[PDB]
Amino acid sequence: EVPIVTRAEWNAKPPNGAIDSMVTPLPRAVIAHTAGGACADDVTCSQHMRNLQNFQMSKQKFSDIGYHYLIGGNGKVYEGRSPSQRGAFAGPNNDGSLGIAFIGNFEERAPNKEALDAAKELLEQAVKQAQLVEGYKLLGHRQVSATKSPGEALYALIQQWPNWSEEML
């Protein structure tokens, strides 16, 4: 199990705009990075969460922060969209996908061990909670969207995780 910093606990805004529904448990999990600054304490990670939500809602015009979960460099998992709400990270490939973004840019260095542990524990938890199917496909963001996300270093790691699938969408 892994604790979740709920939307209220990071002082999220509610969505502004409808979000399409998805049927859980979801067949796929998609690992992204936010590509921005890293965060290393509870104050900055919480602030990065609000800043990302505000940027995506205000500039990208998403209905909400685009991911279901985000993982700070402090090792904490922050709640985004509900798993039964379609994410906004992969356009036509949003369907059936649990989006988990590591906060930071992991092109050249890996996330902190605490963040990686948190992600593995989160996947296990998502399966146990019927958010994610047991026989899930684990994908990097780059396999479903034209992007470098989740960054070379993080992508190399997730390819080694259970259920990583080589499919390119």
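Numbers for residues come from their place in the sequence shown, where the first is 1.
With 130-138 and 106-114 compared on mean CA B-factor from the PDB entry, the stretch scoring higher is 106-114.
Within the listed group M49, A38, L122, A32, the record reports its top CA B-factor for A38. Per-chain ranking of the deposited C-alpha B factor places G96 in the lowest third. Annotation for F62: C-alpha temperature factor in the middle third relative to the rest of the modelled chain, per the entry. When all modelled residues of the chain are sorted by CA temperature factor, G75 is found within the middle third.
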